[PDB]
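A single chain, nothing else alongside it, follows as structure tokens in the form deposited in one PDB entry.
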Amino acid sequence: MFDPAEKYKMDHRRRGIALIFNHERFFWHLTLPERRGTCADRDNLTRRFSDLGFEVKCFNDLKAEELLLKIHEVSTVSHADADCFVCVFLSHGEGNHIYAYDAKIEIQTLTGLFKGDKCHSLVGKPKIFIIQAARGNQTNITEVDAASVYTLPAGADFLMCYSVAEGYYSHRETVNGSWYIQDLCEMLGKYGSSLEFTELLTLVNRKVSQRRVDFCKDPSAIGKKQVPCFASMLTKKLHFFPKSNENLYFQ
């Protein structure tokens, strides 16, 4: 009884949690620049993930110890009554690391906490990570960073989403926020509730790839294109259709 149109079960009581780790400033001795505009990203994401039924939980400028505690907490709580799990990083990164305030964390140890083995309540449910992280280079200016974070997959039923691929550049407007987040959040607003999520991420790839970078206020920023990507280990179609909440306890 094999079904080419099989969808993840998205009929649980609650949609699930969306973590957002949001990083604007860094410990002096890391020599990483302010990510001015990351609060636009955090707020835009918070709105769009809320409207899809997520319990959004934001954390600003956590040290490694605090971050590991919050994400481990969330991994060991029960997700039994939840459709899925979303985790977002807005920071600097390098290779297989994201920056917390004070030090780098191995991405594999964060995604590892939600792998079948370690988090039973999320087995066979989609686990989406969205990563807006690049190399800190050193009114509304556009800053540009070199891609730095390996666009790795995680495990079965994960979807890893990346602002930028190897050899491209990642853009953040200091008031409007990151190109990738703006375009992801626009697409979530228009199509979040109708389109399959990889269909949508493909729209985000088109939108971001088509941002022209020929006439730029900085000369050295010209020719630096942005192409995002996603690594899918999903096994079914993923939809965020409106949940029917009429005369039901959903908290």
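Note that residue numbering begins at 1 and tracks the sequence as displayed.
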{"query": "Other compared entries missing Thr142, a third or more", "finding": "no"}
{"query": "Deposited-sequence gap flanked by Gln138 and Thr139", "finding": "10 or more"}
{"query": "Mean C-alpha temperature factor, higher of 239-247 and 17-25", "finding": "239-247"}
{"query": "Residue range whose averaged C-alpha B-factor is higher in the record, 104-112 or 139-147", "finding": "139-147"}
{"query": "Entry-reported Cα temperature factor of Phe215, expressed as the chain third it lands in", "finding": "highest"}
{"query": "Third assignment of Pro126 from its chain's C-alpha B-factors", "finding": "lowest"}
{"query": "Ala231 - which third its CA temperature factor falls in, relative to the rest of the chain", "finding": "lowest"}
{"query": "Position of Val86 among the chain's modelled residues by C-alpha B-factor, lowest, middle or highest third", "finding": "lowest"}
{"query": "Third assignment of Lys118 from its chain's C-alpha B-factors", "finding": "highest"}
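From this point on, the text means the form solved in complex with a partner chain, which you will not see here.
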query	finding
Candidate site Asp43, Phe59 and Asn140: all three near its partner chain in the entry with it bound by heavy atom within 4.5 Å	no
Touches its partner chain in the entry with it bound: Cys84 (any heavy atom, 4.5 Å)	no
Close approach of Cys39 to its partner chain in the entry with it bound, 4.5 Å, heavy atom	no
4.5 Å heavy atom contact, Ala103 to its partner chain in the entry with it bound	yes
Contact label in the entry with it bound: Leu113 to its partner chain, heavy atom within 4.5 Å	yes
